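# Structural overview for review
Residue-level listing of the chains:
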Amino acid sequence: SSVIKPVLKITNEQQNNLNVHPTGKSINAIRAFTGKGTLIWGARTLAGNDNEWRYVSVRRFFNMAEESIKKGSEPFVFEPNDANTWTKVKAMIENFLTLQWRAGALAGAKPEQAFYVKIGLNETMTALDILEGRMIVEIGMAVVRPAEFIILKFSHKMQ
Amino acid sequence: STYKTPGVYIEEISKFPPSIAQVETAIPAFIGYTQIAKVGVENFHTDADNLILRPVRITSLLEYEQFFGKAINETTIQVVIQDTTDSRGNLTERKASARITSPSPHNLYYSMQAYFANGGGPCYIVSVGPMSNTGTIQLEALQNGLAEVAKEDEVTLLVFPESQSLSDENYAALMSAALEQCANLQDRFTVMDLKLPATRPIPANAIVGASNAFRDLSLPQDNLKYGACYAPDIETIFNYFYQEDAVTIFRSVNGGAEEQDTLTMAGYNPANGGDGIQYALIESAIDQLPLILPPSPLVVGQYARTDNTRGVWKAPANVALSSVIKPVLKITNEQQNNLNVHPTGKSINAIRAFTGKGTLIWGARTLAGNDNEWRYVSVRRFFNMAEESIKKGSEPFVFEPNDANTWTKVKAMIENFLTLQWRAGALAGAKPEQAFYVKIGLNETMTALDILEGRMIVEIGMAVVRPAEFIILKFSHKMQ
Amino acid sequence: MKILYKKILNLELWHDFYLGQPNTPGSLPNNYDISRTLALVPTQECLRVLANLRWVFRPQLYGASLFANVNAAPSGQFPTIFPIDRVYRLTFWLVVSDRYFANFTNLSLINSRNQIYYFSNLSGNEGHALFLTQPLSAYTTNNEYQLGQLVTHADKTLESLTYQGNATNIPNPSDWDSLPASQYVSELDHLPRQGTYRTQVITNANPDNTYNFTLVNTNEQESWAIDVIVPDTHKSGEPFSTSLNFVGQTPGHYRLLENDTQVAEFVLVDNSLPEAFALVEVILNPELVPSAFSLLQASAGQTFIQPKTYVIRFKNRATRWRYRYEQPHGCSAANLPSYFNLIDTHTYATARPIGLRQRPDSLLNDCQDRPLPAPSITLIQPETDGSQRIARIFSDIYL
């Protein structure tokens, strides 16, 4: 909004080199389209060859989720390092991830296929870790990724 | 083609429309020569010998084209240009037509088109060597393919598209091996194509000779209930692959002699400085040549289509074929009388055209047509399905105590399955008491010796429904 | 329709927490059971392959078993319904049910959450059984052993009791125990586990070249390959990282190569069962498994079954027992069991480690001649060294 026009015009052939490059550094464009105004065109990070961190939205979502998990699992500092605390922590994390799944952020047919949480002696921890006072939690998540390219094919119908 | 800028890309191609479907009880295996056979990072045809013989699971034509690619091109297409001129030699009219004198025996890529056009689903491909221009098809390689397909459980049907080029002895040997495998596993069925004369054009009423040649083949009489046969071959709308420098040109003026020209089709290409006005006619003529295929690829697709709307116990007959122009031969009722019933029991199901209805499958009998129990295809296929399900249900009790409690549980499972089959209309009877029975026990099928050995014997009886083939109308003048 | 089945495989799992150390191992007792501590679970590929081969899986009170579908010949040999003459691969998850398992099982106490165990029939080790573990190393001179290591020497198996930076020519009897000859699980089976995405680093990245990466499984079949092109603005000689994706492979042991060179070796995982403990692999290949371990003979155009029994075994942990008090006990260095050590007026501990068992045969007596309760399996107290090494492990009993 409140825009007249961009200072330069970018073509598709230049966009090919802006969007994909062997060094992974990517440049998102702002282009004008007839009748639609000026629009943002491109949603990649500076690590565009990374299979995990290619897109902006995935990284921002991960940041949000880990921040919420940290804030949720802060109150247990200086609590007994035993099975009961582990149960409570796992419950909190799973409830948060379930709320995220049901809004359409995560893929999967049930919450069993969308995420998993591992915390315990036979999962991520040992006796040495109990003596040290360390708690280790492992969280896996499947996120949804966008479609960038649409290909149309035309033909003459047999008659 | 690479795509690096987000957006919409536009491309122009010439293609046939695609078609897919989902089935489960009609899963066929196709054994034959391929063109590339490269799966994953492995080239199955890397060395001339020691080929990788492996069955691959595919679901669409698009995947077949990914692994095994398309068929090789032909080298026999001839085109005739027909000119008619006036009294002074002025051209008044010009036409063009095409013919093929001898087509290649490698037709596996076209059969998959015909299959997916008629329905179908998941199938298995067994690439028996690479396709060759010379056209040599060997029995031993097909036998190795059939030996390898024994290791797949999802397979219920066996198809040999490239077997009409074999000799009678090799053909009989292959068919006997297939029937023996089905007899051993007791969960499969084979479909065969009748061989017809290879002369041109077809002699009047040849079907009578072909059926006598067929019945003269030596096949095991105890395995005939596991297979079926169909005739004749079908014309279809699909096109041939070719090159412009292999197409031969002829001309004829005012109905005169047909003379061969000294140029190829490539010689008329405007990119080479030829006359494009006739090049267009050559293209449009080549485009119209029909493609000849055996019935089996289409028949198996129609099996998959009909078991999904009516059930496996319904006869797969009286249904119409798609992407078909016309059959190559016309069968009459008098010939059908000898094709359908014969003292030797070997029966031939027909494919016939009926005015206004298209071309339809006509006949639903097995190669054991005089057998009171195994006369029809649908009964045998249903029995195969039922016994397979019973086996799978009664497997978990292996190495369990051989006593009355296990017998009770097994009987309960079998009776529940048979009740579900009865209520859908597969079995006859007014209640489940008149439709089936199950016998397992000491006073039913077993003895103390069998308890000591560790054997369990179960007897299952079932009444199935059978079709009506003949309708008789009688007319009269009403009294008045 | 006659269907004949015959046992074709025996898989057993041993634990000294229940068995102890027999003076010469034979079979298990008649009342053996781990059905509530360990479980074997087939994967999906395993299920469909067993279906294709017409074999049946069955859990047992000691492990599992496999049954093959055969034909009854007169010779007494049992051929399969068809010749199994290709290469096949069967995989199983090993899952733990009993909590506190890591306390009585003599495992490594070093933090490892990116590793997993692995067992196979390509390990030789055919001694008094068919062991699916790697052969134990030998006792040598001038090496470094951690507390807990099992080695072999002079027809016996040796356990380590303390840290030794340099060994002796002859075993020091105050650092090693003397058990009967058998093989167990050790750190030779702790392979790094990996998921779908990898970060691979090339050293001396040369823009004038390329690289072809490949993945090779136990059957020595290439399963995967891509290429990576270093850009032409990369100063030659620095490292270069790249991302790799193995999304379409089946879990198992693989070797990652780059241009005819092994770069890595790992067990690939798809997180179908993320909390699995170990992986077991069984192979059918007439070229890679020796004749003492194979399960199929080939003769007269057919295959015949040979039943076998494979064994895996876990050793129990050993700790020093420390008796602690609330009020002072009146026993002294002059009236306490010789095998004790008075720490202070409220505490005394054993002088050598004792092994954790469920029904410890005989208990220790007090200076006033009274049986003392055994420790519990809920807590263990390892003590780190100056160099952050494990030095001792106790079990506390509060009286």
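Method of determination, as annotated in the archive: cryo-EM, at 2.8 Å resolution.

As annotated in the PDB entry, chain C carries the name All3326 protein and is attributed to Nostoc sp.. Listed as the entry title in the PDB record is "Cryo-EM structure of the contractile injection system cap complex from Anabaena PCC7120".

In the nomenclature of the PDB entry, chain B corresponds to All3325 protein from the organism Nostoc sp..

A separate point is the interface of chain A and chain C. Contacts between the two partners involve 19 residues from chain A, matched on the other side by 21 residues from chain C. Three residues, A:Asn51, A:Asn122 and A:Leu128, lead the burial of chain A against chain C; their summed loss comes to 26% of the area buried on that side. At the junction of chain A and chain C, the tally comes to 0 salt bridges. At the junction of chain A and chain C, the tally comes to 3 residue pairs in polar contact. Elements supplying a minimum of two residues to the side of chain A that touches chain C: strand 3 (115-118) and helix 5 (127-132) of chain A. Per element, the largest residue contribution to the side of chain A that touches chain C is 4 residues, and it comes from helix 5 of chain A. Residues of the side of chain A that touches chain C, tallied by class, amount to 7 nonpolar, 6 polar and 6 charged.

Residues and elements named next belong to chain B. Interaxial distance between helix 2 (residues 108-117) and helix 7 (residues 296-306) falls to 8 Å at its minimum, and their mutual angle equals 30°. Here helix 7 runs roughly parallel to helix 2, going by the angle between their axes. Where helix 2 crosses over helix 7, the two elements pack in a sense that is right-handed. Contacts between helix 2 and helix 7 involve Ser-111, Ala-114 and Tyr-115 on the former and, on the latter, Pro-297, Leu-298, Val-300 and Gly-301.

Let us look at the interface of chain B and chain A. With 14 residues of chain B in contact, the opposing surface of chain A contributes 16 residues. Of the roughly 1,500 Å² buried between chain B and chain A on both sides combined, carbon and sulfur atoms contribute 60%. Here chain B and chain A share 0 salt bridges between them. The interface formed by chain B and chain A contains 12 residue pairs in polar contact.

Each value, and the rule that gives it
- Residues numbered from 1 in each chain as written, not as in the entry; some residues may be left out.
- Chains lettered and ligands numbered in written order.
- Part of a larger assembly, values for the part shown.
- Heavy atoms only, no water.
- Contact = heavy atoms within 4.5 Å.
- Buried area = accessible area lost by both parts, 1.4 Å probe.
- Salt bridge = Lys/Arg side-chain N within 4 Å of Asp/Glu carboxyl O.
- Polar contact = N/O pair within 3.5 Å; in protein donor to acceptor, adjacent residues only side chain to side chain.
- Helix = DSSP H or I, 4+ residues; strand = E, 2+ residues; numbered from the N terminus.
- Nonpolar A, V, L, I, M, F, W, Y, C, P; charged D, E, K, R; others polar.
- Axes fitted to C-alpha atoms, helices over the stretch in contact; angles between N-to-C directions.
- Parallel < 35°, antiparallel > 145°, perpendicular 65-115°, else oblique.
- Left-handed = near helix turned anticlockwise from the far one by under 90°.

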